[PDB]
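Visitor:
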Amino acid sequence: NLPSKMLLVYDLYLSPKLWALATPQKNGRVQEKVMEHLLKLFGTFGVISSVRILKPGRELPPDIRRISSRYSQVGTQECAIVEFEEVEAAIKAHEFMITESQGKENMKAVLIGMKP
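Take the sequence shown: its position 26, counted from the start at 1, is 481 in my numbering, and no numbers get skipped.
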């Protein structure tokens, strides 16, 4: 049995396409653009069971408010909570996420799951 297996996200809206290009949608603002685009990009390496995104100045849970505000560096504090089938999937995307988003303040991910 697994004790914990959750992942939190960052710097997805700072993409030149989302903030620099600004694409207004009838469905949902940055929330829809990022949520949808991430679906396929995430489903390819690992389907998501649920994605709870909390942007700044709104709702910052103890898990992110403490950790998210701690690794200040992505030039923007955007948090997202993903729940996949297992960390195995995520670990494959984590690297792919941080490796491609390395050096630049872009889409990132970190394994979140400690003892309460």
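Built from N, CA and C at the ideal position, the CB exists for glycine as well.
1) To the nearest angstrom, report how far apart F497 and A548 are at their CA atoms.
2) Is there a C-beta anywhere in chain C that falls below 8 Å from the one on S556?
3) Spatial neighbours of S556 within its chain, please: CB distance less than 6 Å, with the 5 preceding and 5 following residues excluded, ordered by chain position.
4) What residue from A477, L463 and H492 has the CA that sits closest to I553's CA?
5) Helix, strand or coil: how does DSSP classify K563 here?
6) Identify the residues that DSSP records as bridge partners of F539: which are they?
7) From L457, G568, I546 and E543, pick the residue whose C-alpha is nearest to that of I522; which is it?
8) Between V506 and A535, is the Cβ-Cβ spacing less than 8 Å?
9) Output the residue ranges of the beta strand (DSSP E) runs that lie fully inside the stretch 462-527 and measure 3 residues or longer, sorted by chain position.
10) When we look at the beta-carbon of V502 and count the other beta-carbons within 10 Å, is it buried (16 or more) or exposed?
Guide: Short version:
1) Their Cα atoms are separated by approximately 8 Å.
2) In summary, chain C is missing from the structure at hand, where a single protein chain is found.
3) If we look at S556 and ignore the five residues flanking it on each side, its Cβ neighbours are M562 and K563.
4) Of the listed residues, the one whose Cα sits closest to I553 is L463.
5) Look at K563 here: in three-state DSSP terms it is strand.
6) BP columns for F539 point to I503.
7) The shortest Cα separation from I522 among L457, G568, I546 and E543 belongs to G568.
8) Yes. Within cutoff.
9) Within the stretch 462-527, the complete beta strand (DSSP E) runs of at least 3 residues fall at 503-509.
10) Residue environment for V502: exposed (fewer than 16 other C-beta atoms within 10 angstroms of its C-beta).
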